[PDB]
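Novice: Residue numbers (the authors' numbering), protein chains in the order written: chain C, 1 to 282; chain D, 6 to 264; chain A, 7 to 95, 106 to 175; chain B, 1 to 280.
C-beta atoms are modelled at their ideal positions from N, C-alpha and C, and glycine is treated no differently.
Let me give you the structure first, and then I'll get to my questions.
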Amino acid sequence: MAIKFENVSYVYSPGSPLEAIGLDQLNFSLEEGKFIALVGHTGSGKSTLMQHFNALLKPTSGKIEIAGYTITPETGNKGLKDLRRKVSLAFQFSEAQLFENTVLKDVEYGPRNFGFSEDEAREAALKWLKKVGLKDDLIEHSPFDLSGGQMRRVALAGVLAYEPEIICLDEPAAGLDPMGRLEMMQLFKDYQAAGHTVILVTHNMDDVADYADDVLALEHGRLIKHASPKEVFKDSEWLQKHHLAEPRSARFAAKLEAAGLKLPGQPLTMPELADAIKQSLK
Amino acid sequence: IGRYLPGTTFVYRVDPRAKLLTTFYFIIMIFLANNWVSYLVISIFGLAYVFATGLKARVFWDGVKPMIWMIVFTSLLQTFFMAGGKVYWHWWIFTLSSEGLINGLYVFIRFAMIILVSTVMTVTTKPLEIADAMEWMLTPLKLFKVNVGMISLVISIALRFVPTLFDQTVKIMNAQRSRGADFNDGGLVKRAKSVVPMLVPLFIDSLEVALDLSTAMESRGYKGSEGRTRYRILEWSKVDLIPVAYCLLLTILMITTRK
Amino acid sequence: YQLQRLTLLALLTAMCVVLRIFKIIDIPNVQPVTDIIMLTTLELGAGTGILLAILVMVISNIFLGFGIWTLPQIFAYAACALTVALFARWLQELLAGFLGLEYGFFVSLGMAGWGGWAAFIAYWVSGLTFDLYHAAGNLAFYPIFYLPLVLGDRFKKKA
Amino acid sequence: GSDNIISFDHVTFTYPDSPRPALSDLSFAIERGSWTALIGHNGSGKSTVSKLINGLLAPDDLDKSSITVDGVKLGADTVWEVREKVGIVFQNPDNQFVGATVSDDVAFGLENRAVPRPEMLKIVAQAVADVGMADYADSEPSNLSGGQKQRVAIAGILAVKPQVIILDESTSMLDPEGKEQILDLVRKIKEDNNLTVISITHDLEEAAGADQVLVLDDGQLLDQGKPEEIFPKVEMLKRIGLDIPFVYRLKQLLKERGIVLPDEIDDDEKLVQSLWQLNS
Numbered sequence: 001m002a003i004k005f006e007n008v009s010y011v012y013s014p015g016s017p018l019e020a021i022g023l024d025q026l027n028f029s030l031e032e033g034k035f036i037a038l039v040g041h042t043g044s045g046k047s048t049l050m051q052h053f054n055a056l057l058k059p060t061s062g063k064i065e066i067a068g069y070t071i072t073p074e075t076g077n078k079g080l081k082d083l084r085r086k087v088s089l090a091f092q093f094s095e096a097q098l099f100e101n102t103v104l105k106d107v108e109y110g111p112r113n114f115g116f117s118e119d120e121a122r123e124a125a126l127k128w129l130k131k132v133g134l135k136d137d138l139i140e141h142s143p144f145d146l147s148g149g150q151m152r153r154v155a156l157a158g159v160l161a162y163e164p165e166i167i168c169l170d171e172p173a174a175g176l177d178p179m180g181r182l183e184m185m186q187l188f189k190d191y192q193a194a195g196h197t198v199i200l201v202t203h204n205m206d207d208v209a210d211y212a213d214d215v216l217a218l219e220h221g222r223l224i225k226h227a228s229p230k231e232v233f234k235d236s237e238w239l240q241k242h243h244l245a246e247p248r249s250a251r252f253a254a255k256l257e258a259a260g261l262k263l264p265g266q267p268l269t270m271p272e273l274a275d276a277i278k279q280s281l282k
Numbered sequence: 006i007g008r009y010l011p012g013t014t015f016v017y018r019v020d021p022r023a024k025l026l027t028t029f030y031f032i033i034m035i036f037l038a039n040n041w042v043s044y045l046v047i048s049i050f051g052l053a054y055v056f057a058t059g060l061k062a063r064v065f066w067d068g069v070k071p072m073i074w075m076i077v078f079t080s081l082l083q084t085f086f087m088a089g090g091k092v093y094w095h096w097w098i099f100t101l102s103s104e105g106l107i108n109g110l111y112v113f114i115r116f117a118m119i120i121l122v123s124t125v126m127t128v129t130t131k132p133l134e135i136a137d138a139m140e141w142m143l144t145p146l147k148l149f150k151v152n153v154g155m156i157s158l159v160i161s162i163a164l165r166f167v168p169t170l171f172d173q174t175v176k177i178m179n180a181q182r183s184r185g186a187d188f189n190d191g192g193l194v195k196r197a198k199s200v201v202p203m204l205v206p207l208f209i210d211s212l213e214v215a216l217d218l219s220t221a222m223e224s225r226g227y228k229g230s231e232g233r234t235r236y237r238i239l240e241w242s243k244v245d246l247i248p249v250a251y252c253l254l255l256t257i258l259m260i261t262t263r264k
Numbered sequence: 007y008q009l010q011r012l013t014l015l016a017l018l019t020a021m022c023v024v025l026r027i028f029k030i031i032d033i034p035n036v037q038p039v040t041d042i043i044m045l046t047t048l049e050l051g052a053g054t055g056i057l058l059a060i061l062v063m064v065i066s067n068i069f070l071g072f073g074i075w076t077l078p079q080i081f082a083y084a085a086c087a088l089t090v091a092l093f094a095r106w107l108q109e110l111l112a113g114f115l116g117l118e119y120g121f122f123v124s125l126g127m128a129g130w131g132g133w134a135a136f137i138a139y140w141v142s143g144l145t146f147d148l149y150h151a152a153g154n155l156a157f158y159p160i161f162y163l164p165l166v167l168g169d170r171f172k173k174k175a
Numbered sequence: 001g002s003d004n005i006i007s008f009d010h011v012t013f014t015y016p017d018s019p020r021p022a023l024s025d026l027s028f029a030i031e032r033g034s035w036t037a038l039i040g041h042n043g044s045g046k047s048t049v050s051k052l053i054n055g056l057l058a059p060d061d062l063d064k065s066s067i068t069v070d071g072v073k074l075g076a077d078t079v080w081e082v083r084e085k086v087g088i089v090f091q092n093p094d095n096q097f098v099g100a101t102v103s104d105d106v107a108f109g110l111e112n113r114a115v116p117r118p119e120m121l122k123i124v125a126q127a128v129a130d131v132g133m134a135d136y137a138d139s140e141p142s143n144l145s146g147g148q149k150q151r152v153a154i155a156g157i158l159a160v161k162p163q164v165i166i167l168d169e170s171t172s173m174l175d176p177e178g179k180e181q182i183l184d185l186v187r188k189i190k191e192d193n194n195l196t197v198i199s200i201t202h203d204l205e206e207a208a209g210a211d212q213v214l215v216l217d218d219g220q221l222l223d224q225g226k227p228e229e230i231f232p233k234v235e236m237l238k239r240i241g242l243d244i245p246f247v248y249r250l251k252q253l254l255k256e257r258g259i260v261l262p263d264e265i266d267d268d269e270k271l272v273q274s275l276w277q278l279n280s
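Right, dumping it as structure tokens:
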């Protein structure tokens, strides 16, 4: 429950330390019960580094020191149904892993393949059909006659139905409308705080403000800084030189400070951007 | 894409339609095999290009490596000096002399040349240009049950998706490792339901996406033949008379002993 | 009027090309051809020349590149679709007239004889290959065909 | 004036007829020249509003409540001549990408219409250049970055020279700062070509940028008015189930945090100049 890289590199085709592309220099140290980010601009390291953590790719210069297990470059295929019961990355539009004829058998596919009978995995396939946001109709049925928010709850329960130590998330409420992505994400504060190392691949700036505790930023194939929301968007040359952006709760102080208001700070959040339009218009 | 390569910047090898007229001539040509102006010629006058591609010598073991019990296995059934089966004409089978060694080694050229002139089909051309030459000779099939303009959509579109598929056919295999998974596990009459997490979402994206691909085709102007102009075309240049003589010189350099 | 039946044979036939390409990372192809799947889903309520222009839309459109998959080099395109020109015009005798006389009696019996002579030589060096085609290629009609393949196969089309 | 009457229209899916109608109501109209958002809970039958308009859908009838324009109607043997009045981008441009270039798919819509290829080289360049796509000239689309297939796809309309652009759930799978690049690529065309772009459910700048807004549940409409008239109804919208733009999601975090400026303030240039009117 303390995930570090020192140091990881992955280029598809051979050679080291050459050259730069893909995932370069990749070094940090995370924490157990935190809300991690994988941010930046598209084309740097998020999807391309997400897939390493749980060994669905293995480095080419160093090591993935992780929750329990450990990924090396020479790694194999032994001891992966506890690893992949400790880490369960969630990819972009994961309502695409769907194949069963009951839902429950997709959410039973997480606990099974990881070691549980049908009738215990009926208590993870039912707990994760109920504690993931679906009603007395949809705590079991056919797995397609649903919507993509309800199938992204099969998608995100079938991958959560073992309670993994770690749950990475490649924008896993992507495509969802106002209310769908504002229920799956607070969900991930109750089951992050369970002691659970929540990572998040995205570019929603106004979600690191909202949901994060620390961050992890990249560019162009080289890690620019492992951070935490306030050491991040102070200098807006780090959003201009380094390709990134800010939240519209943070993007607006400068739209209000640039009138003479000069808000108290760079607050970045919505309930706390507006305590500063107050403590300064006094 | 797709092996092998439009590598930069090799000699002509252009007009992906005239290297189809060529590659099939050079099999519809190297029929009628009797004499020496044919083999020593075709084996080097039909190779004078294939080499001119110059691409490294270790490529053709891709075309020969993992099955060698055809070539000097079944051409040896040709090694009877006279009609290597079911000879049948006339009266001597095996020889090591001026005439049983040629006929039976004379196929180590006339047959292993059309696998080179064909390699250098899938070697020099763009798979979106190997495709347009298949269709060039094609759509003039408007004599018969025509049906020709619906297969020339498919080809831009069959190939529009060989990457979109393999690029997602795959992510379903890595997305089905938050859930599982069982992939390599043998068993003849035991295990084959390894490929289920993947083929079950894959048939959606044949069947569903072809509904949501066909309704934006339809709802632009696709009333669909008749009408229907087109955009994907290429020109010929003064350059591309090279394979048009390649096969004309080899008309006379074919008969010039039969004369 | 009732089209959108072709614009699928661009996208069904992108997935029999991209199924014998194996999704080559973890390669769920073990041993010989595993594309015939959706290709009885086409008998089951689709068409006759739908079955034929899906393999000549493969053993052309994945002949690039390299090409020939089973055997060494350049042949066997729609002598592989004489197996499929007679398809529909059980699971047990779909790989057993196939196994026995249909499948390879056109593929190499063409290739390994042209003057009018013997053919068994290279033809069934592939003996056990052609009886290893059908280990789970019979047992492939059990999992994926009857329920998954041809049920949904209906709900999309016929609109 | 008005460019579409959708009267007391309705859609019913094949088996879900007596269990679950798709509209049954709505009873709306759009303005010939405006940017129209349609918002509502995600079952409200609204992502189909734009398939009734080009004859993809003959859902229930064509006589009792038909669709009409001030030129033509849906749907006769003309229903095809109402794919020349209209033009629609869609959800996932990856699929509706017919042609492994950029210029092939922009000029598949002049293909089908007898329009000469020399005049298609040109209609298609400054349709794929008006979107920045000259330097990504013939890029295959299974390679293309998901952002750019939605700009290859607003060209396809300009190549076919419509009257009406329509957004059918477009830029939802797209990155937060993927959509605001493409959704200004369409307000330019509302300047460069003064057409009428009919939008569907998203939020602030797919909703409160817009000139109108319609909120629908479960298939039925209240509040056809401007986004500013609509979202102030914040509660029988939380039972409709929605959000409001961060325009309005701070004025309430300012009416709760002290700043109680009047409740018609929509511009991002109304939360900037109305809020130094208060430092005094």
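Enumerate in chain order the residues of its own chain whose CB-to-CB distance from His141 (chain C) is below 6 angstroms, with the five nearest sequence positions on each side excluded.
Specialist: Numbered from 1 along the first sequence, position 141 holds the residue referred to as residue 141 (chain C). Closer than 6 angstroms at the Cβ level, and outside the excluded window around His141 (chain C), lie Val103.
Novice: Tell me which same chain residues have a C-beta within less than 7 angstroms of the C-beta of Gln150 (chain C), skipping the five on either side of it?
Specialist: Within the first sequence, the letter at position 150 stands for residue 150 (chain C). Here the set comprises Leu134 and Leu138.
Novice: Kindly indicate which residue of A:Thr46, A:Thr13, A:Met63 and A:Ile74 has the alpha-carbon position closest to the one of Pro38 (chain A).
Specialist: Locating residue 38 (chain A) in the third sequence gives position 32, counting from the first residue. Of the listed residues, the one whose Cα sits closest to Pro38 (chain A) is A:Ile74.
Novice: Terminal residues of the continuous alpha helix (DSSP H) containing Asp190 (chain C)?
Specialist: As a first step, residue 190 (chain C) must be located in the first sequence, where it is residue number 190. Looking at the DSSP string, the run of the alpha helix (DSSP H) that includes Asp190 (chain C) is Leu187 to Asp190.
Novice: Look at the alpha carbon of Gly148 (chain C) and the alpha carbon of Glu171 (chain C), and state the distance between them as a whole number of angstroms.
Specialist: Along the first sequence, one-based indexing puts residue 148 (chain C) at 148. Along the first sequence, one-based indexing puts residue 171 (chain C) at 171. If I take the Cα positions, the gap works out to 14 angstroms.
Novice: What's the call for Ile230 (chain B), buried or exposed, on a 16-neighbour Cβ count within 10 Å?
Specialist: Taking the fourth sequence and counting its residues from 1, one reaches residue 230 (chain B) at position 230. Its Cβ being crowded by 16 or more others within 10 Å, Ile230 (chain B) is buried.
Novice: Go to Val89 (chain B), then tell me how far its beta strand (DSSP E) extends in each direction, as first and last residue.
Specialist: The residue you call residue 89 (chain B) lines up with position 89 of the fourth sequence. Start and end: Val86 to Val89.
Novice: Can you tell which of D:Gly51, D:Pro11, D:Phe15 and D:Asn39 has its C-alpha closest to the C-alpha of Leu254 (chain D)?
Specialist: Position 249 of the second sequence, counted from the start, is the residue given in the question as residue 254 (chain D). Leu254 (chain D) has its Cα closest to that of D:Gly51, out of D:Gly51, D:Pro11, D:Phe15 and D:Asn39.
Novice: Distance cutoff 7 angstroms, beta carbons only. Does residue 265 (chain D) sit that close to anything in chain C?
Specialist: For residue 265 (chain D) there is no data in the structure shown, the boundaries of chain D being 6 and 264.
Novice: Which residue marks the beginning of the beta strand (DSSP E) containing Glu223 (chain D), and which one marks its end?
Specialist: By 1-based counting over the second sequence, the position of residue 223 (chain D) is 218. Run containing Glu223 (chain D): none in the beta strand (DSSP E); it sits in the alpha helix (DSSP H), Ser219 to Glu223.
Novice: Would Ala274 (chain C) count as contacting chain B if we go by Cβ distances under 7 angstroms?
Specialist: Here the question's residue 274 (chain C) lines up with position 274 in the first sequence. Yes, because at least one Cβ of chain B sits closer than 7 angstroms to the Cβ of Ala274 (chain C).
Novice: Specify the secondary structure class of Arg222 (chain C) as computed by DSSP and reduced to three states.
Specialist: Looking up residue 222 (chain C) in the first sequence gives position 222. Correct three-state label for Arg222 (chain C): strand.
Novice: Could you name the residues of the stretch 88-101 of chain B whose beta carbon sits closer than 8 angstroms to any beta carbon of chain D, in the order they occur along the chain?
Specialist: Those would be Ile88, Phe90, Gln91, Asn92, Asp94, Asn95, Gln96, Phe97, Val98, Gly99, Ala100 and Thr101, in chain order.
Novice: I'd like the ranges of any alpha helix (DSSP H) spanning at least 4 consecutive residues and lying wholly in the stretch 24-51 of chain D.
Specialist: As far as the stretch 24-51 of chain D is concerned, its whole alpha helix (DSSP H) runs of at least 4 residues are 25-33 and 44-50.
Novice: Please report how far the alpha carbon of residue 295 (chain B) lies from the alpha carbon of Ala227 (chain C), in whole angstroms.
Specialist: Nothing about residue 295 (chain B) can be read from this structure; chain B reaches only from 1 to 280.
Novice: Would you mind working out which of A:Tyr7, A:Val23 and A:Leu92 sits nearest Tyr119 (chain A), comparing C-alpha positions?
Specialist: As a first step, residue 119 (chain A) must be located in the third sequence, where it is residue number 103. Answer by Cα proximity: A:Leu92.
Novice: Give the list of continuous beta strand (DSSP E) stretches no shorter than 3 residues that lie fully inside the stretch 140-189 of chain B.
Specialist: As far as the stretch 140-189 of chain B is concerned, its whole beta strand (DSSP E) runs of at least 3 residues are 164-167.
Novice: I'd like to know if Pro38 (chain A) contacts chain D, where contact means its C-beta is closer than 7 angstroms to some C-beta of that chain.
Specialist: Within the third sequence, the letter at position 32 stands for residue 38 (chain A). No, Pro38 (chain A) lies away from the interface with chain D (no Cβ there is under 7 angstroms from its Cβ).
Novice: Straight-line CA distance for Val16 (chain D) to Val55 (chain D)?
Specialist: What you label residue 16 (chain D) is simply residue 11 of the second sequence in a count that begins at 1. What you label residue 55 (chain D) is simply residue 50 of the second sequence in a count that begins at 1. Taking the straight line from one Cα to the other gives about 11 angstroms.
Novice: Using a C-beta to C-beta distance shorter than 8 angstroms, which residues of chain C count as neighbours of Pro206 (chain D)?
Specialist: On the second sequence, position 201 is the one that residue 206 (chain D) refers to. By Cβ distance, chain C contributes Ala96, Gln97, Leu98 and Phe99.
Novice: What does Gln79 (chain A) reach in chain D if we use C-beta pairs closer than 7 angstroms?
Specialist: Translated into positions along the third sequence, residue 79 (chain A) becomes position 73. Under the 7 angstroms cutoff, chain D gives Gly68 and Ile120.
Novice: So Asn204 (chain C) packs on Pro245 (chain B), CB below 8 angstroms; how close in whole Å?
Specialist: Position 204 of the first sequence, counting from 1, holds the residue named residue 204 (chain C). Position 245 of the fourth sequence, counting from 1, holds the residue named residue 245 (chain B). At roughly 16 angstroms, the Cβ-Cβ gap does not stay under 8 angstroms, so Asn204 (chain C) and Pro245 (chain B) are not in contact.
Novice: Check the Cβ of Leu261 (chain C) against every Cβ in chain B and list those closer than 8 angstroms, keeping chain order.
Specialist: Along the first sequence, read from residue 1 onward, the residue named residue 261 (chain C) stands at position 261. The answer, in chain order, is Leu275, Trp276 and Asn279.
Novice: When burial is assigned at 16 or more other CB atoms within 10 Å of the CB, is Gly89 (chain D) buried or exposed?
Specialist: Within the second sequence, numbered from 1, the residue matching residue 89 (chain D) stands at position 84. Under this definition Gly89 (chain D) is a buried residue.
Novice: Could you check whether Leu115 (chain A) and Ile60 (chain A) sit closer than 7 angstroms to each other, using their CB atoms as the reference points?
Specialist: Here residue 60 (chain A) refers to the residue found at position 54 when the third sequence is read from its first residue. Here residue 115 (chain A) refers to the residue found at position 99 when the third sequence is read from its first residue. No.
Novice: Could you pull the start and end residues of the beta strand (DSSP E) that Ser2 (chain B) belongs to?
Specialist: Residue numbering aside, residue 2 (chain B) sits at position 2 when the fourth sequence is read from its first letter. It spans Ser2 to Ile6 - the beta strand (DSSP E) in which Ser2 (chain B) sits, taken as one unbroken run.
Novice: By the DSSP assignment, the beta strand (DSSP E) with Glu140 (chain D) in it spans what residues?
Specialist: Position 135 of the second sequence, counted from the first residue, corresponds to residue 140 (chain D). Run containing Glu140 (chain D): none in the beta strand (DSSP E); it sits in the alpha helix (DSSP H), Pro132 to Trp141.
Novice: Can you pull the chain B neighbours of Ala138 (chain D), defined as C-beta to C-beta under 9 angstroms?
Specialist: Within the second sequence, the letter at position 133 stands for residue 138 (chain D). None at all; the shortest Cβ gap to chain B is about 16 angstroms.
Novice: Looking only at C-alpha atoms, which of B:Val215, B:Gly87, B:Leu253 and B:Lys251 sits nearest to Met236 (chain B)?
Specialist: Taking the fourth sequence and counting its residues from 1, one reaches residue 236 (chain B) at position 236. Comparing Cα-Cα distances from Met236 (chain B) to each of B:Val215, B:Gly87, B:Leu253 and B:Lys251, the minimum goes to B:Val215.
Novice: Can you name the residues of chain D whose CB is closer than 7 angstroms to the CB of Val11 (chain B)?
Specialist: Working through the fourth sequence from its first residue, we reach residue 11 (chain B) at position 11. What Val11 (chain B) touches in chain D: nothing, since even the nearest Cβ is about 15 angstroms away.
Novice: Report yes if the C-beta distance between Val62 (chain A) and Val167 (chain D) is below 7 angstroms; otherwise report no.
Specialist: Here residue 62 (chain A) refers to the residue found at position 56 when the third sequence is read from its first residue. Here residue 167 (chain D) refers to the residue found at position 162 when the second sequence is read from its first residue. Not a contact, by the Cβ cut-off of 7 angstroms.
Novice: Using the rule of at least 16 other Cβ atoms within 10 Å of the residue's Cβ for burial, across every protein chain shown, is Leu263 (chain C) buried or exposed?
Specialist: If you number the first sequence from 1, residue 263 (chain C) lands on position 263. Buried, since its Cβ has 16 or more Cβ neighbours within 10 Å.
Novice: Give me the Cβ distance between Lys4 (chain C) and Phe28 (chain C), rounded to the nearest whole Å; I'm assuming they're in contact under 8 angstroms.
Specialist: Taking the first sequence and counting its residues from 1, the one referred to as residue 4 (chain C) is at position 4. Taking the first sequence and counting its residues from 1, the one referred to as residue 28 (chain C) is at position 28. Indeed they touch by this definition, with Cβ atoms about 7 angstroms apart.
Novice: Please confirm if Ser88 (chain C) has its CB atom under 7 angstroms from at least one CB of chain D.
Specialist: The residue labelled residue 88 (chain C) in the question sits at position 88 within the first sequence. So yes, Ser88 (chain C) belongs to the interface.
Novice: Assuming contact is defined by CB atoms lying nearer than 7 angstroms, are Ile165 (chain B) and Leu195 (chain B) in contact in what I supplied?
Specialist: Walking along the fourth sequence from the start, residue 165 (chain B) turns up at place 165. Walking along the fourth sequence from the start, residue 195 (chain B) turns up at place 195. It is a contact, given that the beta carbons lie within the stated cut-off.
Novice: What does the Cβ neighbour count give for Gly153 (chain A), buried or exposed, with the cut at 16 atoms within 10 Å?
Specialist: Here the question's residue 153 (chain A) lines up with position 137 in the third sequence. Buried: at least 16 other Cβ atoms inside 10 Å.
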